[PDB]
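Presented as structure tokens, the chain that follows is alone, the form deposited without the named molecule.
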């Protein structure tokens, strides 16, 4: 047994210095501060009510430069200009962020990983690695209660801002846009049922997670049965799981080598936890199967065999 899984801590390269808080009305979210400009989700101008059907074009002409309170710690950046870029809100401040790095605005895609700086109430609370699900969402509990946080990659001395968090979908995943205000995926910045096809559980991660568990003591969930790749995916879909490809099986080769448990034998164990549940039982201090951690996040912390 263990006290839970922790995700690797990646570099930030002074990205934490570009974080500020934007407050219009009763809403307060995170924003990106570069030079003399501030970026943040435009729904910061919407009160809980104006979410069922907001027309930002008019909700904006009802705000001035005073309407916005930009904070950089105990320091306030005075808004001397405001415009709108798609779903982002552009704000011109009366000063440039001294610790602004060489950057650019790229727009990655599903599969590509990037670091994300989560902000609890404001202060930076860690940099994490996340990938863009094929449906264009991201699974991470650290983004809960956040918003307006940013994702990026570092190449030498240049920061590549590629993402901004807007709203959390009821399915537990998060939707964001690139740094031009254009959403990644069929999502929108309004309160509406739009989380269709985001409830699919990532088999690859659960498995990895299950390996991470075995590596730290948890074994009870390991029966001595087995299953074919086909007979597994049969159950995979029944419970809304990603059918596993022989390709995915390769990815889980390092861990299978380390623990000495064949990937198919780990599936027979998973298939059980899906047809019977855990029964108030636990795995790495969890009563539900986790899938926020990829095979790489696991191998990272739980090193093991070297390659």
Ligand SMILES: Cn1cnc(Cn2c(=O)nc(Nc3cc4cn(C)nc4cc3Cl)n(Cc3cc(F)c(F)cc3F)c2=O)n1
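Residue numbers count along the first chain shown, from 1.
Looking at the entry, does 213 to 221 or 68 to 76 show the higher mean C-alpha B-factor? Here the higher of the two C-alpha B-factor means belongs to 213 to 221.
On average, which has the higher Cα B-factor in the deposited entry, 195 to 203 or 119 to 127? It is 119 to 127.
Just grab whichever of 181, 145, 81, 151 has the top CA B-factor as deposited. In the PDB entry, the greatest C-alpha B-factor among 181, 145, 81, 151 is found at 145.
Ranking the modelled residues of this chain by C-alpha B-factor as given in the entry, is residue 52 in the lowest, middle or highest third? Within its chain, residue 52 is a highest-third residue by C-alpha B-factor, going by the deposited values.
Where does the C-alpha B-factor of residue 271 rank in its chain, lowest, middle or highest third? Its C-alpha B-factor, which the entry lists for residue 271, ranks in the middle third among residues of this chain.
Looking at the C-alpha B-factor of residue 86, is it in the lowest, middle or highest third of its chain? Tercile = lowest for this residue's CA B-factor.
Among all modelled residues of this chain, ranked by Cα B factor, put residue 246 in the bottom, middle or top third, i.e. lowest, middle or highest. For residue 246, the deposited C-alpha B-factor lands in the highest third.
Taking the chain's C-alpha temperature factors as the reference, tell me which third residue 42 falls into: lowest, middle or highest. CA B-factor rank for residue 42: lowest third.
In what follows, reference is made to the form solved in complex with the named molecule, a form of this protein that is not presented.
Identify, from the list 27, 282, 67, 37, the residue with a heavy atom within 4.5 Å of the named molecule in the bound PDB entry. Of the candidates 27, 282, 67, 37, 27 is the one lying within 4.5 Å of the named molecule in the bound PDB entry.
Of the options 93, 143, 236, 132, which one has a non-hydrogen atom that comes within 4.5 Å of the named molecule in the bound PDB entry? Looking at the other structure, the residue within range turns out to be 143.
Pick the stretch from 73 to 81, 211 to 219, 99 to 107, 165 to 173 whose residues have a heavy atom within 4.5 Å of the named molecule in the bound PDB entry. Heavy atoms within 4.5 Å of the named molecule in the bound PDB entry occur in 165 to 173.
Residue 147, heavy atom within 4.5 angstroms of the named molecule in the bound PDB entry: Because a heavy atom of residue 147 falls inside 4.5 Å of the named molecule in the bound PDB entry, the answer is yes.
Within 4.5 Å, heavy atoms only: does residue 190 come near the named molecule in the bound PDB entry? Flag for residue 190 set to yes.
May I ask you to list the residues of 257 to 272 that have any heavy atom within 4.5 angstroms of the named molecule in the bound PDB entry, in sequence order? Heavy-atom contacts to the named molecule in the bound PDB entry: nothing from 257 to 272.
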